[PDB]
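Have a look at the structure below before the remarks.
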There are 2 protein chains.
Amino acid sequence: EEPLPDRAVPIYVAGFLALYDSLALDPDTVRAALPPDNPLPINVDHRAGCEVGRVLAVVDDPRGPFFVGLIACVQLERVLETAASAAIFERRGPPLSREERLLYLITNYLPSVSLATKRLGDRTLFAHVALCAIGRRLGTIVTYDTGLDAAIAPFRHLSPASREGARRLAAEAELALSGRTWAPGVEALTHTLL
Amino acid sequence: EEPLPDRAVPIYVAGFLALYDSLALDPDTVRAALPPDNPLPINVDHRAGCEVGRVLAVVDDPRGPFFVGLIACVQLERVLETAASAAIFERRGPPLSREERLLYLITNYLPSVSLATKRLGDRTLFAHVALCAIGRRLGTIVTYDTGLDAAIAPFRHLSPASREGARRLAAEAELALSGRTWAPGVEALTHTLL
């Protein structure tokens, strides 16, 4: 089809991976695996082959484990566009630019995330974060944005200490991923999603 | 199944029905049909039988026609719950209450709306507002909330004059609908959605 864009639109995702009781995840086991030994990848529908990003930071918070991630995948943008073309387009207004079209699509088609942990039997308890396709899996709500601070801003309930640690941990982690894209495959993503 | 709740959770929806060029809808034709002669109903996927609410107010704005609506439908809440049970539930945390469960579901499953107009050939140009099922139709993004002011608040781009006219027009229109629910039918909604 049309030619793949040369650079991926960087997408930042933020949200709570879990919420504490006011029982599977309690604050004590979360702190045991608080700093992940290995970087937690971001995939689609828990399929390791469909890796589209990387978790930038996970911070403990009184509400629950809060995370920030970076998604850099031209092929995910193309596949979501293909799904959008399979639906009746009734949006009234001027065409959105490349960045807000991607935000419009990934928020509606991948509205939640799911945290994967190792089996029950600092620590390696955290495994990966999965983008959940709507109508397939229902996880915790996230926000998508083209800015790091912008992705965290709508979460007013986060304590200022957790917010600060998140954006400083995410900034230094984003730096190690300088100029890194993800290419799981257009057909690989289409099979999982559509 | 489980018994239908006796009272519907009132849901308020807000957003832009269309956006002006910086060509189908220009500001001049919008003002011609600015005050609808008849109340614009809210339905699902443009099917008149699946009426679930009522548009409370439509205000002209430099960005575009902005609307506020009320959705009061126990059966829509039940059907969306049935769709949620058909997906893998992976949300980590305590169970959401009845109100935020409904908000969680209607935002993810019905993320956009579409404005219906009469054919091309104050005025009756505006017909109804349709809740668009994700993966079926793609319309303009809306916000859902359990409060009238809360539904309008995230739209910071709205001019303060349009915001004021919207909440005063919506408040008096909501009053005429005192204690009115919508019952399109559980099977009617299931056929359209699932």
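Identifiers in this document derive from the order of the structure tokens: chains are assigned A, B, ..., residues are numbered from 1 separately in each chain, and ligands are numbered from 1 in order of occurrence.
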Using only C-alpha atoms, find the residues of chain A whose closest atom to chain B is at most 9 Å away, then write them as a PDB file with N, CA, C and O atoms, in the first residue's frame.
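Listing of selection33.pdb after writing:
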ATOM      1  N   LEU A  17      -0.874   0.324  36.812  1.00  0.00           N
ATOM      2  CA  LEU A  17      -0.873  -1.088  36.448  1.00  0.00           C
ATOM      3  C   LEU A  17      -1.785  -1.904  37.354  1.00  0.00           C
ATOM      4  O   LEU A  17      -2.329  -2.927  36.924  1.00  0.00           O
ATOM      5  N   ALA A  18      -1.961  -1.465  38.598  1.00  0.00           N
ATOM      6  CA  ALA A  18      -2.841  -2.126  39.549  1.00  0.00           C
ATOM      7  C   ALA A  18      -3.227  -1.114  40.617  1.00  0.00           C
ATOM      8  O   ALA A  18      -2.575  -0.080  40.782  1.00  0.00           O
ATOM      9  N   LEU A  19      -4.300  -1.424  41.339  1.00  0.00           N
ATOM     10  CA  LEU A  19      -4.808  -0.553  42.389  1.00  0.00           C
ATOM     11  C   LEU A  19      -4.942  -1.342  43.682  1.00  0.00           C
ATOM     12  O   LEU A  19      -5.408  -2.485  43.678  1.00  0.00           O
ATOM     13  N   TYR A  20      -4.533  -0.724  44.786  1.00  0.00           N
ATOM     14  CA  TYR A  20      -4.521  -1.405  46.071  1.00  0.00           C
ATOM     15  C   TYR A  20      -5.902  -1.408  46.712  1.00  0.00           C
ATOM     16  O   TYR A  20      -6.727  -0.521  46.476  1.00  0.00           O
ATOM     17  N   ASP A  21      -6.143  -2.430  47.531  1.00  0.00           N
ATOM     18  CA  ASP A  21      -7.351  -2.483  48.339  1.00  0.00           C
ATOM     19  C   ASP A  21      -7.346  -1.328  49.334  1.00  0.00           C
ATOM     20  O   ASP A  21      -6.298  -0.948  49.865  1.00  0.00           O
ATOM     21  N   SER A  22      -8.524  -0.759  49.573  1.00  0.00           N
ATOM     22  CA  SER A  22      -8.659   0.383  50.472  1.00  0.00           C
ATOM     23  C   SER A  22      -8.295   0.014  51.907  1.00  0.00           C
ATOM     24  O   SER A  22      -7.327   0.531  52.465  1.00  0.00           O
ATOM     25  N   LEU A  23      -6.500  -8.138  45.950  1.00  0.00           N
ATOM     26  CA  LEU A  23      -5.680  -8.747  46.990  1.00  0.00           C
ATOM     27  C   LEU A  23      -4.525  -9.541  46.385  1.00  0.00           C
ATOM     28  O   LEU A  23      -3.616  -9.971  47.097  1.00  0.00           O
ATOM     29  N   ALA A  24      -4.570  -9.734  45.065  1.00  0.00           N
ATOM     30  CA  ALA A  24      -3.477 -10.413  44.376  1.00  0.00           C
ATOM     31  C   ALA A  24      -2.187  -9.607  44.475  1.00  0.00           C
ATOM     32  O   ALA A  24      -1.115 -10.157  44.755  1.00  0.00           O
ATOM     33  N   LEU A  25      -2.274  -8.297  44.247  1.00  0.00           N
ATOM     34  CA  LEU A  25      -1.152  -7.374  44.392  1.00  0.00           C
ATOM     35  C   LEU A  25      -1.390  -6.485  45.606  1.00  0.00           C
ATOM     36  O   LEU A  25      -2.290  -5.639  45.597  1.00  0.00           O
ATOM     37  N   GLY A  64      -1.413   2.799  43.792  1.00  0.00           N
ATOM     38  CA  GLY A  64      -0.964   1.555  43.215  1.00  0.00           C
ATOM     39  C   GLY A  64       0.252   1.742  42.332  1.00  0.00           C
ATOM     40  O   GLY A  64       0.730   2.862  42.122  1.00  0.00           O
ATOM     41  N   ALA A  83      -7.411  -0.900  10.342  1.00  0.00           N
ATOM     42  CA  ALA A  83      -8.635  -1.193  11.080  1.00  0.00           C
ATOM     43  C   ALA A  83      -9.632  -0.046  10.976  1.00  0.00           C
ATOM     44  O   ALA A  83     -10.843  -0.273  10.873  1.00  0.00           O
ATOM     45  N   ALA A  84      -9.140   1.195  11.007  1.00  0.00           N
ATOM     46  CA  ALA A  84     -10.031   2.347  10.906  1.00  0.00           C
ATOM     47  C   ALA A  84     -10.702   2.412   9.540  1.00  0.00           C
ATOM     48  O   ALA A  84     -11.880   2.772   9.437  1.00  0.00           O
ATOM     49  N   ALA A  86     -11.605  -0.029   7.821  1.00  0.00           N
ATOM     50  CA  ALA A  86     -12.622  -1.071   7.780  1.00  0.00           C
ATOM     51  C   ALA A  86     -13.910  -0.669   8.485  1.00  0.00           C
ATOM     52  O   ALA A  86     -14.842  -1.478   8.546  1.00  0.00           O
ATOM     53  N   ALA A  87     -13.984   0.549   9.015  1.00  0.00           N
ATOM     54  CA  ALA A  87     -15.168   1.049   9.692  1.00  0.00           C
ATOM     55  C   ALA A  87     -15.695   2.278   8.964  1.00  0.00           C
ATOM     56  O   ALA A  87     -14.951   2.976   8.270  1.00  0.00           O
ATOM     57  N   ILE A  88     -16.991   2.536   9.129  1.00  0.00           N
ATOM     58  CA  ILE A  88     -17.612   3.703   8.514  1.00  0.00           C
ATOM     59  C   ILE A  88     -17.055   4.961   9.168  1.00  0.00           C
ATOM     60  O   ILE A  88     -17.228   5.182  10.372  1.00  0.00           O
ATOM     61  N   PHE A  89     -16.376   5.786   8.376  1.00  0.00           N
ATOM     62  CA  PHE A  89     -15.798   7.034   8.861  1.00  0.00           C
ATOM     63  C   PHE A  89     -16.874   8.111   8.813  1.00  0.00           C
ATOM     64  O   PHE A  89     -17.304   8.523   7.731  1.00  0.00           O
ATOM     65  N   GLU A  90     -17.314   8.564   9.987  1.00  0.00           N
ATOM     66  CA  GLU A  90     -18.368   9.564  10.089  1.00  0.00           C
ATOM     67  C   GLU A  90     -17.917  10.809  10.840  1.00  0.00           C
ATOM     68  O   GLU A  90     -18.758  11.646  11.191  1.00  0.00           O
ATOM     69  N   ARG A  91     -16.620  10.954  11.097  1.00  0.00           N
ATOM     70  CA  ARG A  91     -16.121  12.122  11.808  1.00  0.00           C
ATOM     71  C   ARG A  91     -16.296  13.374  10.959  1.00  0.00           C
ATOM     72  O   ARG A  91     -15.831  13.435   9.816  1.00  0.00           O
ATOM     73  N   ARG A  92     -16.969  14.374  11.520  1.00  0.00           N
ATOM     74  CA  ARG A  92     -17.257  15.620  10.823  1.00  0.00           C
ATOM     75  C   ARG A  92     -16.217  16.661  11.219  1.00  0.00           C
ATOM     76  O   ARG A  92     -16.140  17.054  12.389  1.00  0.00           O
ATOM     77  N   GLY A  93     -15.420  17.102  10.250  1.00  0.00           N
ATOM     78  CA  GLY A  93     -14.411  18.102  10.496  1.00  0.00           C
ATOM     79  C   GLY A  93     -13.209  17.939   9.591  1.00  0.00           C
ATOM     80  O   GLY A  93     -13.147  17.030   8.757  1.00  0.00           O
ATOM     81  N   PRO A  94     -12.223  18.827   9.739  1.00  0.00           N
ATOM     82  CA  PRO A  94     -11.021  18.718   8.918  1.00  0.00           C
ATOM     83  C   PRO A  94     -10.221  17.487   9.300  1.00  0.00           C
ATOM     84  O   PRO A  94     -10.315  16.996  10.439  1.00  0.00           O
ATOM     85  N   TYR A 104      -5.994   9.396  18.244  1.00  0.00           N
ATOM     86  CA  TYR A 104      -7.413   9.081  18.119  1.00  0.00           C
ATOM     87  C   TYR A 104      -7.633   7.580  17.971  1.00  0.00           C
ATOM     88  O   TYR A 104      -8.587   7.026  18.529  1.00  0.00           O
ATOM     89  N   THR A 107      -6.169   5.258  21.254  1.00  0.00           N
ATOM     90  CA  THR A 107      -6.970   5.411  22.464  1.00  0.00           C
ATOM     91  C   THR A 107      -8.281   4.644  22.357  1.00  0.00           C
ATOM     92  O   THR A 107      -8.749   4.061  23.341  1.00  0.00           O
ATOM     93  N   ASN A 108      -8.886   4.630  21.168  1.00  0.00           N
ATOM     94  CA  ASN A 108     -10.165   3.951  20.994  1.00  0.00           C
ATOM     95  C   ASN A 108      -9.992   2.451  20.791  1.00  0.00           C
ATOM     96  O   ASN A 108     -10.811   1.661  21.273  1.00  0.00           O
ATOM     97  N   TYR A 109      -8.937   2.037  20.090  1.00  0.00           N
ATOM     98  CA  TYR A 109      -8.757   0.628  19.762  1.00  0.00           C
ATOM     99  C   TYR A 109      -7.968  -0.135  20.817  1.00  0.00           C
ATOM    100  O   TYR A 109      -8.185  -1.340  20.989  1.00  0.00           O
ATOM    101  N   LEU A 110      -7.058   0.530  21.529  1.00  0.00           N
ATOM    102  CA  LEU A 110      -6.267  -0.089  22.591  1.00  0.00           C
ATOM    103  C   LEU A 110      -6.441   0.723  23.871  1.00  0.00           C
ATOM    104  O   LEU A 110      -5.490   1.349  24.358  1.00  0.00           O
ATOM    105  N   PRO A 111      -7.646   0.718  24.454  1.00  0.00           N
ATOM    106  CA  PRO A 111      -7.932   1.661  25.546  1.00  0.00           C
ATOM    107  C   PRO A 111      -7.332   1.281  26.888  1.00  0.00           C
ATOM    108  O   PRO A 111      -7.186   2.163  27.744  1.00  0.00           O
ATOM    109  N   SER A 112      -6.989   0.015  27.112  1.00  0.00           N
ATOM    110  CA  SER A 112      -6.517  -0.430  28.414  1.00  0.00           C
ATOM    111  C   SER A 112      -5.224  -1.219  28.259  1.00  0.00           C
ATOM    112  O   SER A 112      -4.824  -1.598  27.155  1.00  0.00           O
ATOM    113  N   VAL A 113      -4.565  -1.461  29.393  1.00  0.00           N
ATOM    114  CA  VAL A 113      -3.356  -2.270  29.439  1.00  0.00           C
ATOM    115  C   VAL A 113      -3.517  -3.327  30.522  1.00  0.00           C
ATOM    116  O   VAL A 113      -4.341  -3.204  31.430  1.00  0.00           O
ATOM    117  N   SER A 114      -2.705  -4.377  30.415  1.00  0.00           N
ATOM    118  CA  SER A 114      -2.700  -5.463  31.384  1.00  0.00           C
ATOM    119  C   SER A 114      -1.265  -5.795  31.755  1.00  0.00           C
ATOM    120  O   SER A 114      -0.418  -5.985  30.875  1.00  0.00           O
ATOM    121  N   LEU A 115      -0.999  -5.865  33.055  1.00  0.00           N
ATOM    122  CA  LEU A 115       0.319  -6.211  33.563  1.00  0.00           C
ATOM    123  C   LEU A 115       0.440  -7.723  33.694  1.00  0.00           C
ATOM    124  O   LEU A 115      -0.440  -8.376  34.263  1.00  0.00           O
ATOM    125  N   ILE A 134      -9.700  -3.555  22.617  1.00  0.00           N
ATOM    126  CA  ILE A 134     -11.066  -3.449  23.112  1.00  0.00           C
ATOM    127  C   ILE A 134     -11.909  -4.561  22.500  1.00  0.00           C
ATOM    128  O   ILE A 134     -11.755  -4.913  21.323  1.00  0.00           O
ATOM    129  N   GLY A 135     -12.794  -5.140  23.311  1.00  0.00           N
ATOM    130  CA  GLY A 135     -13.563  -6.294  22.900  1.00  0.00           C
ATOM    131  C   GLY A 135     -12.851  -7.618  23.057  1.00  0.00           C
ATOM    132  O   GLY A 135     -13.490  -8.669  22.912  1.00  0.00           O
ATOM    133  N   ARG A 136     -11.549  -7.606  23.342  1.00  0.00           N
ATOM    134  CA  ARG A 136     -10.779  -8.812  23.611  1.00  0.00           C
ATOM    135  C   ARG A 136     -10.416  -8.927  25.086  1.00  0.00           C
ATOM    136  O   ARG A 136     -10.769  -9.912  25.740  1.00  0.00           O
ATOM    137  N   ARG A 137      -9.708  -7.938  25.626  1.00  0.00           N
ATOM    138  CA  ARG A 137      -9.327  -7.914  27.029  1.00  0.00           C
ATOM    139  C   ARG A 137      -9.665  -6.556  27.621  1.00  0.00           C
ATOM    140  O   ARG A 137      -9.651  -5.536  26.927  1.00  0.00           O
ATOM    141  N   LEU A 138      -9.972  -6.555  28.915  1.00  0.00           N
ATOM    142  CA  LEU A 138     -10.312  -5.341  29.647  1.00  0.00           C
ATOM    143  C   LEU A 138      -9.330  -5.196  30.800  1.00  0.00           C
ATOM    144  O   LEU A 138      -9.355  -5.989  31.748  1.00  0.00           O
ATOM    145  N   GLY A 139      -8.463  -4.192  30.714  1.00  0.00           N
ATOM    146  CA  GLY A 139      -7.490  -3.946  31.758  1.00  0.00           C
ATOM    147  C   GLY A 139      -7.671  -2.597  32.421  1.00  0.00           C
ATOM    148  O   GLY A 139      -8.791  -2.083  32.504  1.00  0.00           O
ATOM    149  N   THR A 140      -6.576  -2.015  32.897  1.00  0.00           N
ATOM    150  CA  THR A 140      -6.631  -0.712  33.542  1.00  0.00           C
ATOM    151  C   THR A 140      -6.545   0.398  32.502  1.00  0.00           C
ATOM    152  O   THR A 140      -5.847   0.271  31.492  1.00  0.00           O
ATOM    153  N   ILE A 141      -7.263   1.492  32.759  1.00  0.00           N
ATOM    154  CA  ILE A 141      -7.329   2.593  31.807  1.00  0.00           C
ATOM    155  C   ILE A 141      -5.996   3.328  31.772  1.00  0.00           C
ATOM    156  O   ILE A 141      -5.349   3.535  32.808  1.00  0.00           O
TER     157      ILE A 141
END
Exercise for review: Report as a list in words: the residues of range 77-189 of chain A with a DSSP assignment of strand (DSSP E or B), based on the backbone of this structure.
Suggested key: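 DSSP-assigned strand (DSSP E or B) residues in range 77-189 of chain A: residues 88, 89, 112, 113, 114, 115, 116, 117, 126, 127, 128, 129, 130, 131, 132, 137, 138, 140, 141, 142, 143, 144 and 145 of chain A.
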Those same residues - N, CA and C atoms - I'd like them written as a PDB file, in the first residue's frame.
ATOM      1  N   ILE A  88     -16.991   2.536   9.129  1.00  0.00           N
ATOM      2  CA  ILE A  88     -17.612   3.703   8.514  1.00  0.00           C
ATOM      3  C   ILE A  88     -17.055   4.961   9.168  1.00  0.00           C
ATOM      4  N   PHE A  89     -16.376   5.786   8.376  1.00  0.00           N
ATOM      5  CA  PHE A  89     -15.798   7.034   8.861  1.00  0.00           C
ATOM      6  C   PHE A  89     -16.874   8.111   8.813  1.00  0.00           C
ATOM      7  N   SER A 112      -6.989   0.015  27.112  1.00  0.00           N
ATOM      8  CA  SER A 112      -6.517  -0.430  28.414  1.00  0.00           C
ATOM      9  C   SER A 112      -5.224  -1.219  28.259  1.00  0.00           C
ATOM     10  N   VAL A 113      -4.565  -1.461  29.393  1.00  0.00           N
ATOM     11  CA  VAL A 113      -3.356  -2.270  29.439  1.00  0.00           C
ATOM     12  C   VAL A 113      -3.517  -3.327  30.522  1.00  0.00           C
ATOM     13  N   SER A 114      -2.705  -4.377  30.415  1.00  0.00           N
ATOM     14  CA  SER A 114      -2.700  -5.463  31.384  1.00  0.00           C
ATOM     15  C   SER A 114      -1.265  -5.795  31.755  1.00  0.00           C
ATOM     16  N   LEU A 115      -0.999  -5.865  33.055  1.00  0.00           N
ATOM     17  CA  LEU A 115       0.319  -6.211  33.563  1.00  0.00           C
ATOM     18  C   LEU A 115       0.440  -7.723  33.694  1.00  0.00           C
ATOM     19  N   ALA A 116       1.527  -8.273  33.164  1.00  0.00           N
ATOM     20  CA  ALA A 116       1.807  -9.697  33.259  1.00  0.00           C
ATOM     21  C   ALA A 116       2.843  -9.936  34.349  1.00  0.00           C
ATOM     22  N   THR A 117       2.584 -10.923  35.200  1.00  0.00           N
ATOM     23  CA  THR A 117       3.494 -11.301  36.267  1.00  0.00           C
ATOM     24  C   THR A 117       3.907 -12.754  36.086  1.00  0.00           C
ATOM     25  N   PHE A 126       7.581  -8.702  37.895  1.00  0.00           N
ATOM     26  CA  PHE A 126       6.978  -8.020  36.759  1.00  0.00           C
ATOM     27  C   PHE A 126       7.595  -8.535  35.465  1.00  0.00           C
ATOM     28  N   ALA A 127       6.745  -8.838  34.482  1.00  0.00           N
ATOM     29  CA  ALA A 127       7.179  -9.441  33.228  1.00  0.00           C
ATOM     30  C   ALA A 127       7.040  -8.489  32.047  1.00  0.00           C
ATOM     31  N   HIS A 128       5.824  -8.052  31.733  1.00  0.00           N
ATOM     32  CA  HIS A 128       5.609  -7.141  30.617  1.00  0.00           C
ATOM     33  C   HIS A 128       4.269  -6.444  30.799  1.00  0.00           C
ATOM     34  N   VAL A 129       4.050  -5.417  29.982  1.00  0.00           N
ATOM     35  CA  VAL A 129       2.792  -4.684  29.937  1.00  0.00           C
ATOM     36  C   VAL A 129       2.191  -4.881  28.554  1.00  0.00           C
ATOM     37  N   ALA A 130       0.927  -5.287  28.511  1.00  0.00           N
ATOM     38  CA  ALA A 130       0.258  -5.628  27.265  1.00  0.00           C
ATOM     39  C   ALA A 130      -0.793  -4.580  26.932  1.00  0.00           C
ATOM     40  N   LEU A 131      -0.774  -4.101  25.690  1.00  0.00           N
ATOM     41  CA  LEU A 131      -1.862  -3.277  25.182  1.00  0.00           C
ATOM     42  C   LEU A 131      -3.060  -4.169  24.876  1.00  0.00           C
ATOM     43  N   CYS A 132      -4.195  -3.883  25.509  1.00  0.00           N
ATOM     44  CA  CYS A 132      -5.384  -4.719  25.404  1.00  0.00           C
ATOM     45  C   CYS A 132      -6.299  -4.180  24.314  1.00  0.00           C
ATOM     46  N   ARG A 137      -9.708  -7.938  25.626  1.00  0.00           N
ATOM     47  CA  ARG A 137      -9.327  -7.914  27.029  1.00  0.00           C
ATOM     48  C   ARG A 137      -9.665  -6.556  27.621  1.00  0.00           C
ATOM     49  N   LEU A 138      -9.972  -6.555  28.915  1.00  0.00           N
ATOM     50  CA  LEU A 138     -10.312  -5.341  29.647  1.00  0.00           C
ATOM     51  C   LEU A 138      -9.330  -5.196  30.800  1.00  0.00           C
ATOM     52  N   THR A 140      -6.576  -2.015  32.897  1.00  0.00           N
ATOM     53  CA  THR A 140      -6.631  -0.712  33.542  1.00  0.00           C
ATOM     54  C   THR A 140      -6.545   0.398  32.502  1.00  0.00           C
ATOM     55  N   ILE A 141      -7.263   1.492  32.759  1.00  0.00           N
ATOM     56  CA  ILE A 141      -7.329   2.593  31.807  1.00  0.00           C
ATOM     57  C   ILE A 141      -5.996   3.328  31.772  1.00  0.00           C
ATOM     58  N   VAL A 142      -5.571   3.719  30.570  1.00  0.00           N
ATOM     59  CA  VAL A 142      -4.349   4.484  30.376  1.00  0.00           C
ATOM     60  C   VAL A 142      -4.664   5.723  29.550  1.00  0.00           C
ATOM     61  N   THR A 143      -3.692   6.627  29.501  1.00  0.00           N
ATOM     62  CA  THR A 143      -3.731   7.787  28.626  1.00  0.00           C
ATOM     63  C   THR A 143      -2.601   7.687  27.612  1.00  0.00           C
ATOM     64  N   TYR A 144      -2.884   8.093  26.380  1.00  0.00           N
ATOM     65  CA  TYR A 144      -1.884   8.173  25.328  1.00  0.00           C
ATOM     66  C   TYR A 144      -1.660   9.632  24.967  1.00  0.00           C
ATOM     67  N   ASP A 145      -0.401   9.997  24.746  1.00  0.00           N
ATOM     68  CA  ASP A 145      -0.079  11.360  24.352  1.00  0.00           C
ATOM     69  C   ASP A 145       1.270  11.373  23.653  1.00  0.00           C
TER      70      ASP A 145
END
**Study point:** Contacts of residue 67 in chain A at 9 Å (only C-alpha atoms; same-chain gap of 2+ positions) as a ChimeraX atom specification
**Key:** /A:13-17,55-60,65,69,166
Filtering to C-alpha atoms, could you give me those residues as a PDB file, in the first residue's frame?
ATOM      1  CA  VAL A  13       1.433   5.807  27.687  1.00  0.00           C
ATOM      2  CA  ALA A  14       0.777   6.285  31.401  1.00  0.00           C
ATOM      3  CA  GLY A  15      -1.506   4.765  33.998  1.00  0.00           C
ATOM      4  CA  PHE A  16      -1.859   2.534  37.019  1.00  0.00           C
ATOM      5  CA  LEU A  17      -0.873  -1.088  36.448  1.00  0.00           C
ATOM      6  CA  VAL A  55       8.064   0.566  29.951  1.00  0.00           C
ATOM      7  CA  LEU A  56      10.073   3.650  30.898  1.00  0.00           C
ATOM      8  CA  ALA A  57       9.413   3.680  34.649  1.00  0.00           C
ATOM      9  CA  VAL A  58       7.394   1.933  37.359  1.00  0.00           C
ATOM     10  CA  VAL A  59       6.908   3.806  40.641  1.00  0.00           C
ATOM     11  CA  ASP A  60       5.186   2.693  43.824  1.00  0.00           C
ATOM     12  CA  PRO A  65       1.940   0.738  40.898  1.00  0.00           C
ATOM     13  CA  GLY A  69       5.860   3.702  28.661  1.00  0.00           C
ATOM     14  CA  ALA A 166       8.217   8.802  37.490  1.00  0.00           C
TER      15      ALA A 166
END
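The space between CA of residue 183 in chain A and CA of residue 9 in chain A spans 13.4 Å.
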Review point. Which one of A:2, A:171, A:122, A:162 sits closest to residue 82 in chain A if you count only C-alpha atoms?
Key: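 Nearest candidate to residue 82 in chain A out of A:2, A:171, A:122, A:162: A:2.
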Practice item. DSSP on the backbone, then: every residue of range 13-194 of chain B marked helix (DSSP H, G or I), written as a VMD selection string. Key: chain B and resid 27 to 32 74 to 85 98 to 109 148 to 152 160 to 176 186 to 193
Point to revise | Nearest residue to residue 184 in chain B from the set B:41, B:154, B:49, B:10 (distances using only C-alpha atoms) | key: B:49
Practice item. Would you list the contacts of residue 72 in chain B as a list in words, taking every protein, DNA or RNA residue within 6 Å and counting only C-alpha atoms, but skipping same-chain residues closer than 6 positions in sequence? Key: residues 8, 10, 53 and 181 of chain B
Point to revise | One-decimal distance in Å that lies between CA of residue 190 in chain B and CA of residue 81 in chain A | key: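 One can read the CA of residue 81 in chain A to CA of residue 190 in chain B distance as 27.1 Å.
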Point to revise | All residues 12 Å or closer to residue 185 in chain A, only C-alpha atoms, same chain fewer than 5 positions away omitted, as an NGL selection string | key: :A and (4 or 49-52 or 73-79 or 190-192)
